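Listed next as structure tokens: two forms of one protein chain, kept apart as structure 1 and structure 2.
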Structure 1
């Protein structure tokens, strides 16, 4: 840590956070949420064989790589034949990676791995206010008017854009790299689409977590990229 760092639980205490933010030891306040909030409310089984007690004890994985739901990018429900053992309920169970929020040299705050993160594993859900096209139009205008530095929008599906500017979780801090170590994936949980960050390589402990952030934004000048990669393209857009 060339700058200060904090752990995800530090964001649960809003009085101590606002006091840490005063000292520059934590990022500016936002409303911490556990699940997406719709600004305007909107109007089955895999074939995995139930693991036995012995297989469970023996260390076998329930609803692993071959799970049909997993391949469909659908999380299992409580009715999964593997029930409580099911490893394919990661969003629902908040089975997030061990990550810290850190102050970077030039990009603001960021996320780093607090221990080694295996390749192709779940990091964090990207939570926020879900906007329709009209709300999105309005927020784009407001954030431009207010001269906000950072963007926190992520497209989810037609007529659904997540905005983590005001409400979100620590995933809002993920920075862009031209040579990233994470990607987004859109998963269906009880018929509703959600989006999360997943590693694309083994991320060693202490490394910043990054993705390809390609959200379009108007600006008098383009936004220069500070990712530091050999192949850095120079700009976020």
Structure 2
């Protein structure tokens, strides 16, 4: 299969014509941050790491950071300042991942390196919709006869749509037996969704998560994850 690194998405011209030669997926607007179609705090208690503790390689805002435990990211005002390891989303500290053609699912994501268990992969970025905007879009995509859908539930009246605008996170595929999960994190009072490994993911391996978004309409998409325990279709029951 053809592959490409995440830096290949930064050059729209070379991208567009790579796409014409089918060596890259179709063009979409690349964004670093969620874009609201309609516009709508305090620090952790981690004891600053001494320069020596930092040298030894001790982790700043690690497993015991009060902010991390609550899936809240520290700000510029964290007592560990620049050394805070709990600003992954804001600092784009994404895993090393490539975009690959799969036999039947379209494009996908794979580890370029071994990925430890419980590792941040990518934020799922896109246009944030309310229910009304969501229902407009479902109808628009249905009428265009789109195959690939990019909806991700954020919360009540907030659905992320990475159809037109998003990042490489939009290439991660469903599996019934996944190696990743979603986590909803608080970043500057705003909620965001990121992919995280659930196990050690060998280099070259396809990255996958259990997509549980509630099915609408009559005909559901067939699942080609190939797990022995495949549910056979994409989306949650209803």
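We call the rigid core the largest set of C-alpha positions that still match within 1.5 Å between the two forms. Positions refer to the first chain, counted from 1. Shifts are known only where both forms have a C-alpha.
**Q** Checking residue 222 here: with the core superposed, does its CA move 2 Å or more between the two structures?
**A** Comparing forms between the two structures, the residue 222 CA shifts at least 2 Å.
**Q** Rigid core superposed, I'd like the Cα shift of residue 190 between the two structures in Å.
**A** The shift comes out to 1.1 Å.
**Q** Give the residue ranges, in sequence order, where three or more consecutive C-alphas each shift by 2 Å or more between the two structures after rigid core alignment.
**A** When the rigid core is held fixed, residues 214-222 make up the only run that shifts.
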